[PDB]
file final.cif (mmCIF, C-alpha atoms and all ligand atoms; chains and numbers go by the auth columns)
data_coords
#
loop_
_atom_site.group_PDB
_atom_site.id
_atom_site.type_symbol
_atom_site.label_atom_id
_atom_site.label_comp_id
_atom_site.label_asym_id
_atom_site.label_seq_id
_atom_site.Cartn_x
_atom_site.Cartn_y
_atom_site.Cartn_z
_atom_site.B_iso_or_equiv
_atom_site.auth_seq_id
_atom_site.auth_asym_id
ATOM 1 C CA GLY A 1 -18.248 -13.456 86.890 0.00 1 C
ATOM 2 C CA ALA A 2 -16.389 -15.077 89.769 0.00 2 C
ATOM 3 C CA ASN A 3 -19.429 -14.976 92.067 0.00 3 C
ATOM 4 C CA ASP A 4 -22.181 -15.061 89.405 0.00 4 C
ATOM 5 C CA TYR A 5 -23.943 -17.994 90.990 0.00 5 C
ATOM 6 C CA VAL A 6 -27.683 -17.988 90.354 0.00 6 C
ATOM 7 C CA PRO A 7 -30.480 -19.912 92.101 0.00 7 C
ATOM 8 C CA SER A 8 -32.858 -22.499 90.689 0.00 8 C
ATOM 9 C CA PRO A 9 -35.786 -24.136 92.495 0.00 9 C
ATOM 10 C CA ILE A 10 -35.920 -27.661 93.852 0.00 10 C
ATOM 11 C CA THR A 11 -39.412 -29.149 93.510 0.00 11 C
ATOM 12 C CA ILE A 12 -41.306 -32.226 94.684 0.00 12 C
ATOM 13 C CA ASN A 13 -44.651 -33.304 93.257 0.00 13 C
ATOM 14 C CA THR A 14 -47.943 -33.931 95.060 0.00 14 C
ATOM 15 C CA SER A 15 -48.949 -36.133 92.130 0.00 15 C
ATOM 16 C CA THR A 16 -46.609 -38.900 93.321 0.00 16 C
ATOM 17 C CA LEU A 17 -48.535 -39.521 96.562 0.00 17 C
ATOM 18 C CA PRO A 18 -50.190 -42.969 96.268 0.00 18 C
ATOM 19 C CA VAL A 19 -53.890 -43.358 96.976 0.00 19 C
ATOM 20 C CA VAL A 20 -54.440 -43.016 100.725 0.00 20 C
ATOM 21 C CA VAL A 21 -56.326 -46.185 101.675 0.00 21 C
ATOM 22 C CA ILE A 22 -57.830 -45.936 105.153 0.00 22 C
ATOM 23 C CA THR A 23 -55.401 -41.463 114.657 0.00 23 C
ATOM 24 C CA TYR A 24 -53.899 -37.950 114.490 0.00 24 C
ATOM 25 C CA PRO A 25 -51.303 -36.917 113.495 0.00 25 C
ATOM 26 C CA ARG A 26 -50.149 -39.697 111.183 0.00 26 C
ATOM 27 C CA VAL A 27 -48.197 -39.986 107.966 0.00 27 C
ATOM 28 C CA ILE A 28 -50.443 -41.035 105.067 0.00 28 C
ATOM 29 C CA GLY A 29 -47.755 -41.459 102.428 0.00 29 C
ATOM 30 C CA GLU A 30 -44.520 -40.210 100.946 0.00 30 C
ATOM 31 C CA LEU A 31 -43.922 -38.316 97.747 0.00 31 C
ATOM 32 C CA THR A 32 -41.253 -39.492 95.340 0.00 32 C
ATOM 33 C CA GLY A 33 -38.046 -37.861 96.508 0.00 33 C
ATOM 34 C CA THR A 34 -36.394 -35.431 94.130 0.00 34 C
ATOM 35 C CA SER A 35 -32.955 -33.931 93.632 0.00 35 C
ATOM 36 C CA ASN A 36 -31.359 -30.975 91.866 0.00 36 C
ATOM 37 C CA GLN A 37 -27.585 -30.934 91.482 0.00 37 C
ATOM 38 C CA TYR A 38 -27.582 -27.247 90.508 0.00 38 C
ATOM 39 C CA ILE A 39 -29.687 -25.279 92.963 0.00 39 C
ATOM 40 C CA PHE A 40 -26.826 -22.762 92.871 0.00 40 C
ATOM 41 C CA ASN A 41 -24.621 -22.688 89.773 0.00 41 C
ATOM 42 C CA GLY A 42 -22.887 -20.405 87.277 0.00 42 C
ATOM 43 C CA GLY A 43 -20.001 -18.601 89.020 0.00 43 C
ATOM 44 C CA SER A 44 -16.648 -18.940 87.280 0.00 44 C
ATOM 45 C CA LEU A 45 -14.610 -19.385 90.507 0.00 45 C
ATOM 46 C CA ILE A 46 -15.111 -22.488 92.638 0.00 46 C
ATOM 47 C CA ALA A 47 -16.310 -21.871 96.205 0.00 47 C
ATOM 48 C CA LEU A 48 -16.820 -23.637 99.524 0.00 48 C
ATOM 49 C CA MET A 49 -20.573 -23.455 100.016 0.00 49 C
ATOM 50 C CA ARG A 50 -23.371 -24.583 102.300 0.00 50 C
ATOM 51 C CA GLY A 51 -27.139 -24.393 102.277 0.00 51 C
ATOM 52 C CA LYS A 52 -29.340 -23.171 105.120 0.00 52 C
ATOM 53 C CA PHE A 53 -33.009 -24.128 104.779 0.00 53 C
ATOM 54 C CA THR A 54 -35.722 -22.005 106.382 0.00 54 C
ATOM 55 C CA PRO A 55 -39.300 -23.343 106.227 0.00 55 C
ATOM 56 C CA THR A 56 -41.865 -20.631 105.637 0.00 56 C
ATOM 57 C CA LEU A 57 -45.229 -22.368 106.183 0.00 57 C
ATOM 58 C CA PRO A 58 -47.132 -22.454 109.502 0.00 58 C
ATOM 59 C CA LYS A 59 -45.820 -25.041 111.944 0.00 59 C
ATOM 60 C CA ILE A 60 -48.733 -26.999 113.448 0.00 60 C
ATOM 61 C CA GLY A 61 -46.716 -29.318 115.720 0.00 61 C
ATOM 62 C CA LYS A 62 -44.358 -32.294 115.626 0.00 62 C
ATOM 63 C CA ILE A 63 -44.506 -35.950 114.649 0.00 63 C
ATOM 64 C CA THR A 64 -42.034 -38.833 114.930 0.00 64 C
ATOM 65 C CA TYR A 65 -41.267 -40.590 111.659 0.00 65 C
ATOM 66 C CA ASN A 66 -38.659 -42.527 109.683 0.00 66 C
ATOM 67 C CA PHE A 67 -38.661 -42.041 105.918 0.00 67 C
ATOM 68 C CA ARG A 68 -38.823 -45.291 103.955 0.00 68 C
ATOM 69 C CA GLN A 69 -36.670 -43.490 101.415 0.00 69 C
ATOM 70 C CA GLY A 70 -33.288 -42.281 102.610 0.00 70 C
ATOM 71 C CA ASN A 71 -31.050 -44.295 104.903 0.00 71 C
ATOM 72 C CA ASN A 72 -31.772 -43.211 108.474 0.00 72 C
ATOM 73 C CA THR A 73 -32.354 -46.275 110.644 0.00 73 C
ATOM 74 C CA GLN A 74 -33.955 -44.397 113.554 0.00 74 C
ATOM 75 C CA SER A 75 -37.084 -42.263 113.700 0.00 75 C
ATOM 76 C CA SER A 76 -36.769 -38.502 114.174 0.00 76 C
ATOM 77 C CA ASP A 77 -39.007 -35.605 115.097 0.00 77 C
ATOM 78 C CA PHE A 78 -40.346 -33.604 112.155 0.00 78 C
ATOM 79 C CA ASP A 79 -42.219 -30.310 112.195 0.00 79 C
ATOM 80 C CA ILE A 80 -45.646 -30.567 110.576 0.00 80 C
ATOM 81 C CA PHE A 81 -46.283 -27.676 108.202 0.00 81 C
ATOM 82 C CA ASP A 82 -49.719 -26.584 107.101 0.00 82 C
ATOM 83 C CA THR A 83 -50.505 -27.079 103.412 0.00 83 C
ATOM 84 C CA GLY A 84 -53.447 -24.767 103.937 0.00 84 C
ATOM 85 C CA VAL A 85 -55.889 -27.609 103.194 0.00 85 C
ATOM 86 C CA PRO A 86 -57.731 -28.594 106.400 0.00 86 C
ATOM 87 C CA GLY A 87 -56.624 -31.940 107.748 0.00 87 C
ATOM 88 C CA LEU A 88 -53.429 -32.070 105.665 0.00 88 C
ATOM 89 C CA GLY A 89 -49.899 -31.089 106.586 0.00 89 C
ATOM 90 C CA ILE A 90 -46.467 -32.124 105.364 0.00 90 C
ATOM 91 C CA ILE A 91 -43.135 -33.043 106.871 0.00 91 C
ATOM 92 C CA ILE A 92 -39.873 -32.297 105.133 0.00 92 C
ATOM 93 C CA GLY A 93 -36.425 -33.821 105.044 0.00 93 C
ATOM 94 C CA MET A 94 -33.524 -32.528 102.996 0.00 94 C
ATOM 95 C CA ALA A 95 -30.007 -33.733 102.269 0.00 95 C
ATOM 96 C CA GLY A 96 -26.839 -33.057 100.368 0.00 96 C
ATOM 97 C CA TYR A 97 -26.991 -33.980 96.716 0.00 97 C
ATOM 98 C CA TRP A 98 -24.935 -37.169 96.902 0.00 98 C
ATOM 99 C CA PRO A 99 -26.657 -40.195 98.447 0.00 99 C
ATOM 100 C CA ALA A 100 -24.056 -40.681 101.194 0.00 100 C
ATOM 101 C CA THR A 101 -25.106 -37.498 102.966 0.00 101 C
ATOM 102 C CA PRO A 102 -27.862 -37.981 105.540 0.00 102 C
ATOM 103 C CA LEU A 103 -31.491 -36.999 105.351 0.00 103 C
ATOM 104 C CA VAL A 104 -31.800 -33.992 107.695 0.00 104 C
ATOM 105 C CA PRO A 105 -35.265 -33.841 109.318 0.00 105 C
ATOM 106 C CA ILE A 106 -36.716 -30.321 109.286 0.00 106 C
ATOM 107 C CA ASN A 107 -37.550 -29.751 112.959 0.00 107 C
ATOM 108 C CA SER A 108 -36.144 -26.278 113.769 0.00 108 C
ATOM 109 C CA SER A 109 -36.665 -22.736 112.527 0.00 109 C
ATOM 110 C CA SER A 110 -33.644 -23.091 110.200 0.00 110 C
ATOM 111 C CA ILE A 111 -31.069 -25.836 109.590 0.00 111 C
ATOM 112 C CA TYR A 112 -28.053 -26.505 107.403 0.00 112 C
ATOM 113 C CA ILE A 113 -29.021 -29.315 105.074 0.00 113 C
ATOM 114 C CA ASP A 114 -25.481 -29.732 103.700 0.00 114 C
ATOM 115 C CA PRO A 115 -22.939 -30.135 105.207 0.00 115 C
ATOM 116 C CA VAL A 116 -24.745 -31.265 108.394 0.00 116 C
ATOM 117 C CA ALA A 117 -21.513 -30.488 110.244 0.00 117 C
ATOM 118 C CA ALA A 118 -22.350 -26.775 109.842 0.00 118 C
ATOM 119 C CA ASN A 119 -25.143 -27.185 112.407 0.00 119 C
ATOM 120 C CA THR A 120 -22.490 -27.547 115.113 0.00 120 C
ATOM 121 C CA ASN A 121 -19.386 -25.984 113.436 0.00 121 C
ATOM 122 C CA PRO A 122 -20.113 -22.490 112.072 0.00 122 C
ATOM 123 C CA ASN A 123 -16.996 -22.630 109.894 0.00 123 C
ATOM 124 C CA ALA A 124 -17.893 -25.892 108.113 0.00 124 C
ATOM 125 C CA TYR A 125 -18.615 -25.794 104.380 0.00 125 C
ATOM 126 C CA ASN A 126 -18.712 -28.205 101.492 0.00 126 C
ATOM 127 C CA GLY A 127 -15.477 -28.874 99.630 0.00 127 C
ATOM 128 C CA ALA A 128 -14.758 -26.351 96.925 0.00 128 C
ATOM 129 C CA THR A 129 -16.765 -26.842 93.745 0.00 129 C
ATOM 130 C CA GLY A 130 -18.799 -24.985 91.150 0.00 130 C
ATOM 131 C CA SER A 131 -22.334 -25.838 92.243 0.00 131 C
ATOM 132 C CA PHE A 132 -24.562 -26.603 95.232 0.00 132 C
ATOM 133 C CA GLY A 133 -27.383 -29.144 95.102 0.00 133 C
ATOM 134 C CA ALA A 134 -29.700 -31.086 97.366 0.00 134 C
ATOM 135 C CA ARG A 135 -32.242 -33.886 97.775 0.00 135 C
ATOM 136 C CA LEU A 136 -35.802 -33.167 98.932 0.00 136 C
ATOM 137 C CA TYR A 137 -38.149 -35.526 100.781 0.00 137 C
ATOM 138 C CA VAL A 138 -41.761 -34.840 101.736 0.00 138 C
ATOM 139 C CA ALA A 139 -44.493 -36.906 103.384 0.00 139 C
ATOM 140 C CA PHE A 140 -48.155 -35.970 103.796 0.00 140 C
ATOM 141 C CA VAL A 141 -49.646 -36.014 107.308 0.00 141 C
ATOM 142 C CA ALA A 142 -53.290 -36.353 108.369 0.00 142 C
ATOM 143 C CA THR A 143 -53.835 -33.691 111.022 0.00 143 C
ATOM 144 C CA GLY A 144 -57.571 -34.361 111.179 0.00 144 C
ATOM 145 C CA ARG A 145 -60.398 -36.317 109.642 0.00 145 C
ATOM 146 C CA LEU A 146 -60.149 -36.602 105.839 0.00 146 C
ATOM 147 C CA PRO A 147 -63.169 -36.836 103.544 0.00 147 C
ATOM 148 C CA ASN A 148 -63.326 -39.564 100.922 0.00 148 C
ATOM 149 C CA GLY A 149 -62.429 -38.771 97.348 0.00 149 C
ATOM 150 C CA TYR A 150 -60.193 -36.356 95.504 0.00 150 C
ATOM 151 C CA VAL A 151 -58.607 -33.322 97.190 0.00 151 C
ATOM 152 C CA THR A 152 -56.669 -30.570 95.411 0.00 152 C
ATOM 153 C CA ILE A 153 -53.421 -29.401 97.015 0.00 153 C
ATOM 154 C CA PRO A 154 -52.271 -25.928 95.889 0.00 154 C
ATOM 155 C CA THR A 155 -48.705 -25.323 94.844 0.00 155 C
ATOM 156 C CA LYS A 156 -46.892 -24.194 97.988 0.00 156 C
ATOM 157 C CA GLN A 157 -43.492 -22.706 98.700 0.00 157 C
ATOM 158 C CA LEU A 158 -42.159 -24.884 101.513 0.00 158 C
ATOM 159 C CA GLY A 159 -39.233 -22.577 102.226 0.00 159 C
ATOM 160 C CA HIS A 160 -35.967 -21.357 100.789 0.00 160 C
ATOM 161 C CA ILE A 161 -32.310 -22.331 100.817 0.00 161 C
ATOM 162 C CA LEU A 162 -29.842 -19.557 101.568 0.00 162 C
ATOM 163 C CA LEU A 163 -26.421 -19.938 99.969 0.00 163 C
ATOM 164 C CA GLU A 164 -23.539 -19.271 102.354 0.00 164 C
ATOM 165 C CA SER A 165 -19.812 -19.321 101.600 0.00 165 C
ATOM 166 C CA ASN A 166 -16.542 -18.437 103.318 0.00 166 C
ATOM 167 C CA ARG A 167 -15.937 -16.104 100.366 0.00 167 C
ATOM 168 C CA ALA A 168 -17.336 -12.803 101.591 0.00 168 C
ATOM 169 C CA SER A 169 -18.409 -11.463 98.207 0.00 169 C
ATOM 170 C CA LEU A 170 -20.424 -14.597 97.430 0.00 170 C
ATOM 171 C CA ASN A 171 -21.825 -14.873 100.959 0.00 171 C
ATOM 172 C CA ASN A 172 -22.998 -11.288 101.030 0.00 172 C
ATOM 173 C CA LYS A 173 -25.093 -11.773 97.861 0.00 173 C
ATOM 174 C CA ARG A 174 -27.473 -13.801 100.068 0.00 174 C
ATOM 175 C CA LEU A 175 -28.604 -15.885 97.117 0.00 175 C
ATOM 176 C CA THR A 176 -31.775 -17.832 97.846 0.00 176 C
ATOM 177 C CA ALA A 177 -33.502 -20.709 96.046 0.00 177 C
ATOM 178 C CA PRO A 178 -37.115 -21.762 96.599 0.00 178 C
ATOM 179 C CA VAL A 179 -38.119 -25.210 97.811 0.00 179 C
ATOM 180 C CA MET A 180 -41.437 -25.960 96.145 0.00 180 C
ATOM 181 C CA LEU A 181 -44.295 -28.397 96.628 0.00 181 C
ATOM 182 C CA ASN A 182 -45.852 -28.665 93.181 0.00 182 C
ATOM 183 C CA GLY A 183 -49.597 -28.905 93.686 0.00 183 C
ATOM 184 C CA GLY A 184 -51.831 -31.650 92.423 0.00 184 C
ATOM 185 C CA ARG A 185 -54.599 -34.053 93.311 0.00 185 C
ATOM 186 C CA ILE A 186 -54.575 -36.724 95.996 0.00 186 C
ATOM 187 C CA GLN A 187 -57.228 -39.389 96.641 0.00 187 C
ATOM 188 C CA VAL A 188 -58.512 -40.719 99.958 0.00 188 C
ATOM 189 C CA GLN A 189 -60.352 -44.064 100.084 0.00 189 C
ATOM 190 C CA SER A 190 -62.041 -44.589 103.451 0.00 190 C
HETATM 191 O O1 LIG B . -20.669 -31.964 90.916 0.00 201 O
HETATM 192 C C1 LIG B . -20.164 -31.832 92.234 0.00 201 O
HETATM 193 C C2 LIG B . -21.140 -31.032 93.069 0.00 201 O
HETATM 194 O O2 LIG B . -22.468 -31.663 93.015 0.00 201 O
HETATM 195 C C3 LIG B . -23.429 -30.962 93.818 0.00 201 O
HETATM 196 O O3 LIG B . -23.685 -29.722 93.262 0.00 201 O
HETATM 197 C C4 LIG B . -22.941 -30.834 95.266 0.00 201 O
HETATM 198 O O4 LIG B . -23.901 -30.036 96.000 0.00 201 O
HETATM 199 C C5 LIG B . -21.595 -30.215 95.370 0.00 201 O
HETATM 200 O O5 LIG B . -21.123 -30.212 96.748 0.00 201 O
HETATM 201 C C6 LIG B . -20.607 -30.934 94.494 0.00 201 O
HETATM 202 O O6 LIG B . -20.369 -32.260 94.965 0.00 201 O
HETATM 203 CL CL CL B . -35.938 -29.854 90.995 0.00 202 O
HETATM 204 CL CL CL B . -41.336 -36.810 90.719 0.00 203 O
HETATM 205 CL CL CL B . -30.007 -32.136 88.471 0.00 204 O
HETATM 206 CL CL CL B . -35.828 -40.180 108.325 0.00 205 O
HETATM 207 CL CL CL B . -47.049 -20.745 99.487 0.00 206 O
HETATM 208 CL CL CL B . -13.216 -13.575 100.848 0.00 207 O
#
call {"tool": "encode", "arguments": {"input": "final.cif", "output": "structure tokens", "more": "lines below"}}
Ligand SMILES: OC[C@H]1O[C@H](O)[C@H](O)[C@@H](O)[C@H]1O
Ligand SMILES: [Cl-]
Ligand SMILES: [Cl-]
Ligand SMILES: [Cl-]
Ligand SMILES: [Cl-]
Ligand SMILES: [Cl-]
Ligand SMILES: [Cl-]
result
Amino acid sequence: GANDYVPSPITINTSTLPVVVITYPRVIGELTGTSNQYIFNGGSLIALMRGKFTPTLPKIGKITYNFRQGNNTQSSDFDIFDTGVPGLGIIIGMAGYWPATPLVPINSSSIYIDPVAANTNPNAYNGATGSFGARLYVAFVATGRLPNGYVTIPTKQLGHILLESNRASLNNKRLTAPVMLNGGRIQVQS
């Protein structure tokens, strides 16, 4: 059907954090950034779309950081979210699918990750197309003293992306896609 877009998750993997070889808070490493071109896909009629991310984990505080990945030259403030594991939080950036769009630091209760223009123009959308995708960036943060050795991180839902469109019928579906931190094992060497 014309508006039969359906959501799919975008996921990033704890298992890509390098060994943490050892001040609070501080970033202890970055995961390998991921991308999904088809977070929303399947409607037969092209649409102008945008994605609003809402983080849904506890916000512990803020930290200044500049992702080695991505192409921001300046540091930004990021909200630290609680993984649930004591001493460990994460910071999140997200971006449009294509590499020219900027990494958007997650530092407010909700934000448009693509197009970033929508954060200041409420009538700004992506150019008409048949899908909506994104890039996901995550770094782990030490919020407190870490013990030596292996630590298991549970799989966590970092938040969701809400699909918005200037087509009322598609917009009012309020389609949402989860943004997932796939759990795994990290190692601390102190
Ligand atoms: O394939 C084109 C398509 O790729 C992704 O899904 C983007 O999010 C869209 O804006 C569009 O560029
Ligand atoms: Cl994915
Ligand atoms: Cl990966
Ligand atoms: Cl993809
Ligand atoms: Cl950055
Ligand atoms: Cl969760
Ligand atoms: Cl309409």
call {"tool": "residues_around", "arguments": {"input": "final.cif", "residues": "range 139-155 of chain C", "least_positions_apart": "3", "cutoff": "9 Å", "atoms": "only C-alpha atoms", "output": "PyMOL selection string"}}
result
chain C and resi 14+17+23-31+60+63+67+80+83-93+180-190
call {"tool": "residues_near_ligand", "arguments": {"input": "final.cif", "ligand": "ligand CL 205 (chain O)", "cutoff": "9 Å", "atoms": "only C-alpha atoms and all ligand atoms", "output": "list in words"}}
result
residues 65, 66, 67, 68, 69, 70, 71, 72, 73, 74, 75, 76, 77, 78, 93, 102, 103, 104 and 105 of chain C
call {"tool": "residues_near_ligand", "arguments": {"input": "final.cif", "ligand": "ligand CL 202 (chain O)", "cutoff": "6 Å", "atoms": "only C-alpha atoms and all ligand atoms", "output": "JSON, numbers by chain"}}
result
{"C": [9, 10, 11, 35, 36]}
call {"tool": "write_last_selection", "arguments": {"input": "final.cif", "atoms": "C-alpha atoms", "output": "tab-separated table (two decimals), in the frame of the given file"}}
result
chain	number	residue	atom	x	y	z
C	9	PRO	CA	-35.79	-24.14	92.50
C	10	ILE	CA	-35.92	-27.66	93.85
C	11	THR	CA	-39.41	-29.15	93.51
C	35	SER	CA	-32.96	-33.93	93.63
C	36	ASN	CA	-31.36	-30.98	91.87
call {"tool": "residues_near_ligand", "arguments": {"input": "final.cif", "ligand": "ligand CL 203 (chain O)", "cutoff": "9 Å", "atoms": "all atoms listed in the file", "output": "list in words"}}
result
residues 11, 12, 13, 14, 15, 16, 31, 32, 33 and 34 of chain C
call {"tool": "resolve_selection", "arguments": {"input": "final.cif", "expression": "the PyMOL selection byres (((chain C and resi 174) around 8) and not hetatm)", "output": "MDAnalysis selection string"}}
result
chainID C and resid 162:164 170:173 175:176
call {"tool": "residues_near_ligand", "arguments": {"input": "final.cif", "ligand": "ligand CL 204 (chain O)", "cutoff": "9 Å", "atoms": "only C-alpha atoms and all ligand atoms", "output": "list in words"}}
result
residues 35, 36, 37, 38, 39, 97, 133 and 134 of chain C
call {"tool": "residues_near_point", "arguments": {"input": "final.cif", "point": "(-24.1, -17.1, 91.9)", "cutoff": "9 Å", "atoms": "only C-alpha atoms", "output": "PDB file with C-alpha atoms, in the coordinates of the input"}}
result
ATOM      1  CA  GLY C   1     -18.248 -13.456  86.890  1.00  0.00           C
ATOM      2  CA  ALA C   2     -16.389 -15.077  89.769  1.00  0.00           C
ATOM      3  CA  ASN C   3     -19.429 -14.976  92.067  1.00  0.00           C
ATOM      4  CA  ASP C   4     -22.181 -15.061  89.405  1.00  0.00           C
ATOM      5  CA  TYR C   5     -23.943 -17.994  90.990  1.00  0.00           C
ATOM      6  CA  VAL C   6     -27.683 -17.988  90.354  1.00  0.00           C
ATOM      7  CA  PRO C   7     -30.480 -19.912  92.101  1.00  0.00           C
ATOM      8  CA  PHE C  40     -26.826 -22.762  92.871  1.00  0.00           C
ATOM      9  CA  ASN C  41     -24.621 -22.688  89.773  1.00  0.00           C
ATOM     10  CA  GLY C  42     -22.887 -20.405  87.277  1.00  0.00           C
ATOM     11  CA  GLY C  43     -20.001 -18.601  89.020  1.00  0.00           C
ATOM     12  CA  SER C  44     -16.648 -18.940  87.280  1.00  0.00           C
ATOM     13  CA  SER C 131     -22.334 -25.838  92.243  1.00  0.00           C
ATOM     14  CA  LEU C 163     -26.421 -19.938  99.969  1.00  0.00           C
ATOM     15  CA  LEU C 170     -20.424 -14.597  97.430  1.00  0.00           C
ATOM     16  CA  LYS C 173     -25.093 -11.773  97.861  1.00  0.00           C
ATOM     17  CA  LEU C 175     -28.604 -15.885  97.117  1.00  0.00           C
TER      18      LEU C 175
END
call {"tool": "closest_atom_pairs", "arguments": {"input": "final.cif", "of": "chain C", "to": "ligand CL 206 (chain O)", "cutoff": "7 Å", "atoms": "only C-alpha atoms and all ligand atoms", "output": "JSON lines"}}
result
{"residue": "C:155", "atom": "CA", "partner": "O:CL206", "partner_atom": "CL", "distance": 6.7}
{"residue": "C:156", "atom": "CA", "partner": "O:CL206", "partner_atom": "CL", "distance": 3.8}
{"residue": "C:157", "atom": "CA", "partner": "O:CL206", "partner_atom": "CL", "distance": 4.1}
{"residue": "C:158", "atom": "CA", "partner": "O:CL206", "partner_atom": "CL", "distance": 6.7}
call {"tool": "closest_residue", "arguments": {"input": "final.cif", "among": "C:19, C:46, C:94, C:128", "to": "residue 110 in chain C", "atoms": "all atoms listed in the file"}}
result
C:94
call {"tool": "build_atoms", "arguments": {"input": "final.cif", "residues": "range 90-110 of chain C", "atoms": "N, CA and C atoms", "output": "compact mmCIF listing (two decimals), keeping the file's coordinate frame"}}
result
# COMPACT_ATOMS: atom_id res chain seq x y z
N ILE C 90 -47.60 -31.40 105.92
CA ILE C 90 -46.47 -32.12 105.36
C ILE C 90 -45.30 -32.04 106.33
N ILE C 91 -44.43 -33.04 106.23
CA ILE C 91 -43.14 -33.04 106.87
C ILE C 91 -42.09 -33.09 105.77
N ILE C 92 -40.92 -32.56 106.11
CA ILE C 92 -39.87 -32.30 105.13
C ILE C 92 -38.58 -32.87 105.67
N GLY C 93 -37.83 -33.56 104.82
CA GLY C 93 -36.42 -33.82 105.04
C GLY C 93 -35.64 -33.33 103.84
N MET C 94 -34.40 -32.94 104.08
CA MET C 94 -33.52 -32.53 103.00
C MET C 94 -32.12 -33.04 103.27
N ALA C 95 -31.32 -33.10 102.21
CA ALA C 95 -30.01 -33.73 102.27
C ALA C 95 -29.11 -33.11 101.22
N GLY C 96 -27.80 -33.27 101.42
CA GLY C 96 -26.84 -33.06 100.37
C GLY C 96 -27.19 -33.78 99.09
N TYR C 97 -26.59 -33.38 97.98
CA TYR C 97 -26.99 -33.98 96.72
C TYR C 97 -26.63 -35.46 96.65
N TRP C 98 -25.44 -35.81 97.07
CA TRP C 98 -24.94 -37.17 96.90
C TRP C 98 -25.54 -38.09 97.95
N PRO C 99 -25.80 -39.35 97.59
CA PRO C 99 -26.66 -40.20 98.45
C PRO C 99 -26.03 -40.56 99.77
N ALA C 100 -24.71 -40.41 99.92
CA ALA C 100 -24.06 -40.68 101.19
C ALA C 100 -24.39 -39.67 102.28
N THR C 101 -24.80 -38.46 101.92
CA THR C 101 -25.11 -37.50 102.97
C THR C 101 -26.45 -37.85 103.59
N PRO C 102 -26.65 -37.54 104.86
CA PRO C 102 -27.86 -37.98 105.54
C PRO C 102 -29.07 -37.10 105.26
N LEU C 103 -30.24 -37.73 105.30
CA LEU C 103 -31.49 -37.00 105.35
C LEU C 103 -31.55 -36.21 106.66
N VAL C 104 -31.73 -34.90 106.54
CA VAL C 104 -31.80 -33.99 107.70
C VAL C 104 -33.28 -33.69 107.95
N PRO C 105 -33.87 -34.21 109.03
CA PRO C 105 -35.26 -33.84 109.32
C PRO C 105 -35.40 -32.34 109.57
N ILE C 106 -36.45 -31.73 109.02
CA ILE C 106 -36.72 -30.32 109.29
C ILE C 106 -37.55 -30.25 110.56
N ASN C 107 -36.90 -29.84 111.66
CA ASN C 107 -37.55 -29.75 112.96
C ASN C 107 -37.06 -28.55 113.76
N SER C 108 -36.49 -27.53 113.11
CA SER C 108 -36.14 -26.28 113.77
C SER C 108 -36.43 -25.14 112.81
N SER C 109 -36.29 -23.91 113.31
CA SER C 109 -36.66 -22.74 112.53
C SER C 109 -35.78 -22.55 111.30
N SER C 110 -34.53 -23.01 111.36
CA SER C 110 -33.64 -23.09 110.20
C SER C 110 -32.62 -24.19 110.48
